[PDB]
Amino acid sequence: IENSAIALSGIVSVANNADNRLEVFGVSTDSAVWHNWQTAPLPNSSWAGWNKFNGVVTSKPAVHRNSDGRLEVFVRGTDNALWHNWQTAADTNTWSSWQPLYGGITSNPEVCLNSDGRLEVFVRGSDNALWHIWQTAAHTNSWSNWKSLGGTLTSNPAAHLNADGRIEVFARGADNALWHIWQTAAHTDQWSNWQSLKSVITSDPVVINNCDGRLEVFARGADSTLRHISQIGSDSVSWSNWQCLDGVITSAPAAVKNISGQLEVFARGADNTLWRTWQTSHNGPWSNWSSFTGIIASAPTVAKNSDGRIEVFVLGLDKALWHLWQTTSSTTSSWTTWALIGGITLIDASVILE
């Protein structure tokens, strides 16, 4: 792989509804977003079946739950602008049409919830800088003007809240290194400058918070293995050294914090099957990768059910969506084998960043 490669992404975006039912969003062969959902937040739930949103789109969709429980989806349109739609009531299948947010965008959109309940969206813009736009009142359709955060991006952005409520954004730069930028006061328009975390990454960055409030970042490296880095925490502005984990991976990674407070990462492996690794104790070392049966055609997208069971979605070789999950809440739970969520096929609509 080249230093400038971006590993194969997830084929859906997933959210929990207000009632915690899982719901997935992908793009079909008609270049439209479709969605499907659990009918009940139970281990044996049926799924509703695929439902279409009319309108042609030109990126992967990003979904987030508002602070009033309503799901809202962001996508690039045929005009290269940002568009969004939403549930008009939490847990209900009454959606708005696609509505315009304008701008000129050149990445998939990334959405985060501020600590004061306002959604905020981050994209690469026409000048390759990071741009952003936000709700100006929590869970309301009153949006700011577009504003630039500068930089030169070569991946999609990834955003996460610090434990103190400050949004921090990670993105690969022109030197193929991981860069980041952050709010310097919680949920305020006061941002740092861009700083480098060095290294080279060959996927979009993925970020998660540990129990103790430290952000941890995962990405594929130049040698095609998973690597990770973390905030050293307490008063400090610093981060750890980077570490690689052995095992060649062939997609973006997806990270989750299990019921027990420990980190787990999923990725397509060198043999094109799903691999999983977990921290074996607190902060701990990481397990050898474990494989699930079956060749997969996207990165995993990982979610947690209402009862904390982990569930993983992928593109199959039939170009449909498949999933598997933990059968019980224990971190030692058994797993199911891949099952089909049939009715449509999906395409990878991700923006070709080059």
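Note that residue numbering follows the sequence shown and begins at 1.
- In this entry, the higher average B-factor at the C-alpha atoms falls on 227-235, of the pair 143-151 and 227-235.
- When 19-27 is weighed against 329-337, 329-337 comes out higher, by mean CA B-factor as recorded in the entry.
- Per the PDB entry, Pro285 shows the highest C-alpha temperature factor of the residues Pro61, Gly69, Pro300, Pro285.
- Across the residues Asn114, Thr88, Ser203, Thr188, the deposited record lists the maximum Cα B factor for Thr188.
- Sort the chain's modelled residues by C-alpha temperature factor and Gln279 lands in the highest third, per the entry.
- Split the chain's modelled residues into thirds by C-alpha temperature factor. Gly125 is in the middle one.
- Ranked against the other modelled residues of its chain, the C-alpha B-factor of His160 as given in the entry falls in the lowest third.
- Split the chain's modelled residues into thirds by C-alpha temperature factor. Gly173 is in the middle one.
- Placement of the Cα temperature factor of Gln135 within the chain: lowest third of the modelled residues, per the deposited record.
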